[PDB]
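For reference, the structure discussed in these notes is given below.
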Amino acid sequence: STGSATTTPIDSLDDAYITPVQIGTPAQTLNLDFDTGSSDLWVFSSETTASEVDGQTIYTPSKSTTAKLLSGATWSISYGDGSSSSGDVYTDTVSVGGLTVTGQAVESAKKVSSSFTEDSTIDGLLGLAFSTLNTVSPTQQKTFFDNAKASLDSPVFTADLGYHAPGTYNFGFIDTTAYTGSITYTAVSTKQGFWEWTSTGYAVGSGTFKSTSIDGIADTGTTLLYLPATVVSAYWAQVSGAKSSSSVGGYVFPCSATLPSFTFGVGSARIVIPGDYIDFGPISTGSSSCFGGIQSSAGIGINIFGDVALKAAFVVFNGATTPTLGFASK
């Protein structure tokens, strides 16, 4: 089997991407944030504290003839950005882009933190990291990909995120028309439950390439590119007037600037992030100070190749017995 679904930016800055997901019978379609950095499929629901729902579409398991309460199961998650959610668990039928899993754990939110409530466009998350990170207790549950894997034509999914435009998540096949040149594959460590890999280095603008190992995660659920302070300093030094602002919470730059590109290495290959992808707009409405899309990972504890990086590539998440990641230009 295969699946193919369009993923759409939630706003004009590509702050996140939503993909329609069919849950239950009859289908209830929710727009979920596909997140390769976590492993829970959770949704706003009829059980969510009413004051914490503000415009989201909810899953109502009582209206699904295939929903079954997973007795005694609870979940609770906290994300790298400080947000959180928790609740109980159903199993139900879940389909993405024509690909159907029966008995998928659908984690129903009883509580969500303010950042989720305040984002009317995201109805929940669909985790695509390794199932070892899944938070369901006392019996850990499998991700959608993990459940689908054996049925797929090939045990892979691909992320093709757009810049200020829709893109595609495919399951079970590689669309050879969706990228240019070749896909370069690189080793993955699953020891932390992530799609963790090591970039071979970077360049700023038309500058020379610096060969240096950068261990980090491919994370579709994180907006920006988080890299070591040395790398980030070298980037922003090429933008006149850019500075790190503690009050704002990262590097800012004059909105009148033209940003240089940023290149990252995948083996001997190179992915170029155009400068415009690094612009996240005014820090507040009307400001002439703009927020940077490359920020320091210092104090996160891990480097994160988030959407800023991934949207510059066609990315293969290969879930073979030994997982690997593939990157191609597009």
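Residues are referred to by chain and number: the chain letter is A, B, ... according to the order shown in the structure tokens, the number counts from 1 in that chain, and ligands are numbered separately from 1 in the order shown.
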
Contacts of segment 221-229 of chain A at 7 Å or less, counting only C-alpha atoms, minus same-chain residues fewer than 5 places along, as a list in words?
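The residues satisfying every condition are residues 15, 16, 33, 34, 35, 36, 37, 293, 294, 295, 296, 297, 298, 303, 304, 305, 306, 307, 308 and 309 of chain A.
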
Could you give me, as number ranges by chain, the residues within 7 Å of segment 57-74 of chain A, counting only C-alpha atoms and dropping anything in the same chain fewer than 2 positions from it?
A: 24-26, 28, 30, 43-46, 55, 87-93, 123, 136-138

Those residues with N, CA, C and O atoms, as an mmCIF file, in the first residue's frame please?
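selection_5.cif, freshly written:
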data_model
loop_
_atom_site.group_PDB
_atom_site.id
_atom_site.type_symbol
_atom_site.label_atom_id
_atom_site.label_comp_id
_atom_site.auth_asym_id
_atom_site.auth_seq_id
_atom_site.Cartn_x
_atom_site.Cartn_y
_atom_site.Cartn_z
ATOM 1 N N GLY A 24 -11.694 7.520 12.484
ATOM 2 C CA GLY A 24 -12.979 6.954 12.852
ATOM 3 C C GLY A 24 -13.913 6.600 11.712
ATOM 4 O O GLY A 24 -13.592 6.776 10.528
ATOM 5 N N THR A 25 -15.087 6.106 12.095
ATOM 6 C CA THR A 25 -16.107 5.685 11.147
ATOM 7 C C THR A 25 -17.477 6.193 11.608
ATOM 8 O O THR A 25 -17.925 5.853 12.704
ATOM 9 N N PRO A 26 -18.131 7.044 10.806
ATOM 10 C CA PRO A 26 -17.661 7.702 9.581
ATOM 11 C C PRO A 26 -16.444 8.564 9.869
ATOM 12 O O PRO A 26 -16.198 8.933 11.018
ATOM 13 N N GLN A 28 -13.873 11.363 10.584
ATOM 14 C CA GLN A 28 -13.775 12.714 11.125
ATOM 15 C C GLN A 28 -12.404 13.224 10.690
ATOM 16 O O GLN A 28 -11.375 12.648 11.035
ATOM 17 N N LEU A 30 -9.415 15.707 10.730
ATOM 18 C CA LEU A 30 -8.692 16.658 11.568
ATOM 19 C C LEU A 30 -7.393 17.041 10.856
ATOM 20 O O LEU A 30 -6.794 16.234 10.150
ATOM 21 N N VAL A 43 -5.096 14.329 19.635
ATOM 22 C CA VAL A 43 -6.089 15.215 19.037
ATOM 23 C C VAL A 43 -6.888 15.980 20.066
ATOM 24 O O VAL A 43 -7.155 15.481 21.164
ATOM 25 N N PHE A 44 -7.276 17.192 19.690
ATOM 26 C CA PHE A 44 -8.374 17.879 20.345
ATOM 27 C C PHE A 44 -9.611 16.988 20.214
ATOM 28 O O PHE A 44 -9.822 16.341 19.189
ATOM 29 N N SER A 45 -10.435 16.962 21.252
ATOM 30 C CA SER A 45 -11.524 16.008 21.288
ATOM 31 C C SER A 45 -12.692 16.543 22.081
ATOM 32 O O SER A 45 -12.629 17.613 22.695
ATOM 33 N N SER A 46 -13.752 15.755 22.098
ATOM 34 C CA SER A 46 -14.933 16.071 22.876
ATOM 35 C C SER A 46 -14.637 16.039 24.374
ATOM 36 O O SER A 46 -15.433 16.530 25.175
ATOM 37 N N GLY A 55 -11.601 27.085 18.461
ATOM 38 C CA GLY A 55 -11.650 27.004 17.015
ATOM 39 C C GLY A 55 -11.156 25.724 16.369
ATOM 40 O O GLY A 55 -11.324 25.560 15.166
ATOM 41 N N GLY A 87 -4.119 13.234 28.334
ATOM 42 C CA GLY A 87 -5.466 12.705 28.303
ATOM 43 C C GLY A 87 -5.525 11.201 28.359
ATOM 44 O O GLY A 87 -4.673 10.569 28.992
ATOM 45 N N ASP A 88 -6.546 10.640 27.714
ATOM 46 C CA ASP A 88 -6.728 9.194 27.635
ATOM 47 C C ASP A 88 -6.620 8.713 26.188
ATOM 48 O O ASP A 88 -6.260 9.484 25.302
ATOM 49 N N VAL A 89 -6.915 7.442 25.940
ATOM 50 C CA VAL A 89 -6.546 6.827 24.675
ATOM 51 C C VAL A 89 -7.670 5.971 24.137
ATOM 52 O O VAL A 89 -8.285 5.219 24.876
ATOM 53 N N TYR A 90 -7.919 6.107 22.841
ATOM 54 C CA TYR A 90 -8.786 5.204 22.096
ATOM 55 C C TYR A 90 -7.964 4.518 21.027
ATOM 56 O O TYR A 90 -6.898 5.004 20.643
ATOM 57 N N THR A 91 -8.448 3.383 20.544
ATOM 58 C CA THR A 91 -7.963 2.859 19.276
ATOM 59 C C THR A 91 -9.056 3.103 18.247
ATOM 60 O O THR A 91 -10.242 3.033 18.552
ATOM 61 N N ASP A 92 -8.655 3.433 17.024
ATOM 62 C CA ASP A 92 -9.621 3.693 15.961
ATOM 63 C C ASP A 92 -8.916 3.581 14.614
ATOM 64 O O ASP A 92 -7.681 3.436 14.537
ATOM 65 N N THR A 93 -9.698 3.665 13.551
ATOM 66 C CA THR A 93 -9.154 3.638 12.205
ATOM 67 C C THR A 93 -8.675 5.013 11.819
ATOM 68 O O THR A 93 -9.394 6.004 11.977
ATOM 69 N N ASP A 123 -5.172 20.829 14.928
ATOM 70 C CA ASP A 123 -6.157 20.016 15.646
ATOM 71 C C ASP A 123 -5.501 18.885 16.451
ATOM 72 O O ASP A 123 -6.183 18.102 17.122
ATOM 73 N N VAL A 136 2.303 6.855 25.958
ATOM 74 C CA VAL A 136 1.168 6.135 26.541
ATOM 75 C C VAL A 136 1.610 5.176 27.646
ATOM 76 O O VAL A 136 2.575 4.425 27.485
ATOM 77 N N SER A 137 0.882 5.223 28.761
ATOM 78 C CA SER A 137 1.147 4.409 29.935
ATOM 79 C C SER A 137 -0.152 3.715 30.328
ATOM 80 O O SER A 137 -1.220 4.312 30.227
ATOM 81 N N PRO A 138 -0.070 2.459 30.802
ATOM 82 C CA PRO A 138 1.129 1.672 31.092
ATOM 83 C C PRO A 138 1.643 0.842 29.925
ATOM 84 O O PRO A 138 2.642 0.122 30.081
#

Taking the chain letters and numbering used in this document, name the residues of segment 87-145 of chain A that DSSP puts in strand (DSSP E or B), as a PyMOL selection string.
chain A and resi 87-96+99-112+124-127+137

Residues of the last selection are to be written out with N, CA and C atoms, as an mmCIF file, in the first residue's frame.
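This is the output file result17.cif:
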data_model
loop_
_atom_site.group_PDB
_atom_site.id
_atom_site.type_symbol
_atom_site.label_atom_id
_atom_site.label_comp_id
_atom_site.auth_asym_id
_atom_site.auth_seq_id
_atom_site.Cartn_x
_atom_site.Cartn_y
_atom_site.Cartn_z
ATOM 1 N N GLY A 87 -4.119 13.234 28.334
ATOM 2 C CA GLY A 87 -5.466 12.705 28.303
ATOM 3 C C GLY A 87 -5.525 11.201 28.359
ATOM 4 N N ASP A 88 -6.546 10.640 27.714
ATOM 5 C CA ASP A 88 -6.728 9.194 27.635
ATOM 6 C C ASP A 88 -6.620 8.713 26.188
ATOM 7 N N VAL A 89 -6.915 7.442 25.940
ATOM 8 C CA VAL A 89 -6.546 6.827 24.675
ATOM 9 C C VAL A 89 -7.670 5.971 24.137
ATOM 10 N N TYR A 90 -7.919 6.107 22.841
ATOM 11 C CA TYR A 90 -8.786 5.204 22.096
ATOM 12 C C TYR A 90 -7.964 4.518 21.027
ATOM 13 N N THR A 91 -8.448 3.383 20.544
ATOM 14 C CA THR A 91 -7.963 2.859 19.276
ATOM 15 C C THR A 91 -9.056 3.103 18.247
ATOM 16 N N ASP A 92 -8.655 3.433 17.024
ATOM 17 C CA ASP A 92 -9.621 3.693 15.961
ATOM 18 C C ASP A 92 -8.916 3.581 14.614
ATOM 19 N N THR A 93 -9.698 3.665 13.551
ATOM 20 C CA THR A 93 -9.154 3.638 12.205
ATOM 21 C C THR A 93 -8.675 5.013 11.819
ATOM 22 N N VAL A 94 -7.453 5.065 11.311
ATOM 23 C CA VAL A 94 -6.829 6.318 10.920
ATOM 24 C C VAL A 94 -6.326 6.173 9.487
ATOM 25 N N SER A 95 -6.682 7.125 8.624
ATOM 26 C CA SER A 95 -6.203 7.118 7.253
ATOM 27 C C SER A 95 -5.523 8.441 6.913
ATOM 28 N N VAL A 96 -4.407 8.330 6.208
ATOM 29 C CA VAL A 96 -3.647 9.479 5.722
ATOM 30 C C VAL A 96 -3.457 9.310 4.225
ATOM 31 N N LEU A 99 -4.010 5.847 2.838
ATOM 32 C CA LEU A 99 -3.376 4.739 3.554
ATOM 33 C C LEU A 99 -4.060 4.582 4.894
ATOM 34 N N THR A 100 -4.553 3.379 5.188
ATOM 35 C CA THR A 100 -5.389 3.145 6.355
ATOM 36 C C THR A 100 -4.728 2.204 7.352
ATOM 37 N N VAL A 101 -4.730 2.617 8.618
ATOM 38 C CA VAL A 101 -4.327 1.762 9.736
ATOM 39 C C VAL A 101 -5.525 1.525 10.634
ATOM 40 N N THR A 102 -5.825 0.265 10.925
ATOM 41 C CA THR A 102 -6.834 -0.058 11.929
ATOM 42 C C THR A 102 -6.146 -0.251 13.278
ATOM 43 N N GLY A 103 -6.860 0.064 14.346
ATOM 44 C CA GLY A 103 -6.333 -0.129 15.682
ATOM 45 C C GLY A 103 -5.239 0.850 16.083
ATOM 46 N N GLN A 104 -5.216 2.006 15.431
ATOM 47 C CA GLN A 104 -4.236 3.037 15.756
ATOM 48 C C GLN A 104 -4.595 3.675 17.081
ATOM 49 N N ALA A 105 -3.604 3.856 17.952
ATOM 50 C CA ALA A 105 -3.808 4.622 19.181
ATOM 51 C C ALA A 105 -4.017 6.095 18.849
ATOM 52 N N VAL A 106 -5.187 6.590 19.243
ATOM 53 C CA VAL A 106 -5.591 7.977 19.052
ATOM 54 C C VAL A 106 -5.708 8.552 20.452
ATOM 55 N N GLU A 107 -4.779 9.427 20.790
ATOM 56 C CA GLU A 107 -4.669 9.960 22.140
ATOM 57 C C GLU A 107 -5.541 11.205 22.247
ATOM 58 N N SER A 108 -6.569 11.114 23.076
ATOM 59 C CA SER A 108 -7.585 12.136 23.186
ATOM 60 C C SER A 108 -7.188 13.088 24.288
ATOM 61 N N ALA A 109 -7.077 14.368 23.952
ATOM 62 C CA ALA A 109 -6.653 15.365 24.925
ATOM 63 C C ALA A 109 -7.776 15.736 25.885
ATOM 64 N N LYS A 110 -7.476 15.654 27.177
ATOM 65 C CA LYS A 110 -8.330 16.225 28.213
ATOM 66 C C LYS A 110 -7.829 17.625 28.566
ATOM 67 N N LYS A 111 -6.514 17.828 28.470
ATOM 68 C CA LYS A 111 -5.884 19.115 28.770
ATOM 69 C C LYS A 111 -4.874 19.425 27.669
ATOM 70 N N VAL A 112 -4.800 20.698 27.283
ATOM 71 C CA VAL A 112 -3.758 21.201 26.380
ATOM 72 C C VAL A 112 -3.237 22.523 26.930
ATOM 73 N N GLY A 124 -4.185 18.802 16.374
ATOM 74 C CA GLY A 124 -3.427 17.776 17.067
ATOM 75 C C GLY A 124 -2.123 17.488 16.344
ATOM 76 N N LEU A 125 -1.377 16.517 16.853
ATOM 77 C CA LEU A 125 -0.093 16.113 16.286
ATOM 78 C C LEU A 125 -0.148 14.656 15.841
ATOM 79 N N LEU A 126 0.611 14.335 14.803
ATOM 80 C CA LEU A 126 0.818 12.951 14.409
ATOM 81 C C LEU A 126 2.318 12.693 14.421
ATOM 82 N N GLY A 127 2.768 11.970 15.441
ATOM 83 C CA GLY A 127 4.186 11.738 15.611
ATOM 84 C C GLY A 127 4.742 10.701 14.663
ATOM 85 N N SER A 137 0.882 5.223 28.761
ATOM 86 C CA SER A 137 1.147 4.409 29.935
ATOM 87 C C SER A 137 -0.152 3.715 30.328
#

From A:271, A:53, A:188, A:278, residue lying nearest residue 251 of chain A [only C-alpha atoms]
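That would be A:278, the residue with the smallest distance to residue 251 of chain A.
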
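Considering the residues A:80, A:52, A:130, A:190 and counting only C-alpha atoms, residue 118 of chain A has its shortest atom-to-atom contact with A:52.
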
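DSSP on the backbone gives helix (DSSP H, G or I) for these parts of segment 5-148 of chain A: residues 50, 51, 52, 61, 62, 63, 114, 115, 116, 117, 131, 132, 133, 144, 145, 146, 147 and 148 of chain A.
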
Which value, in Å to one decimal, gives the distance between atom CA of residue 208 of chain A and atom CA of residue 230 of chain A?
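Computing it gives 15.5 Å between the two atoms.
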
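Of the listed residues A:248, A:316, A:257, A:27, the one whose atoms come nearest to residue 161 of chain A is A:316, with distances taken using only C-alpha atoms.
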
Find the residues around residue 153 of chain A up to 9 Å (only C-alpha atoms counted), leave out those fewer than 4 positions away in its own chain, and share them as a list in words.
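In the requested form, the answer reads residues 1, 2, 149, 171, 172 and 173 of chain A.
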
Using Å and a single decimal, report how far atom CA of residue 199 of chain A sits from atom CA of residue 233 of chain A.
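Distance reported for this atom pair: 17.9 Å.
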
Which residue is closest to residue 3 of chain A? Choose from A:326, A:82, A:98, A:265 and count only C-alpha atoms.
A:98
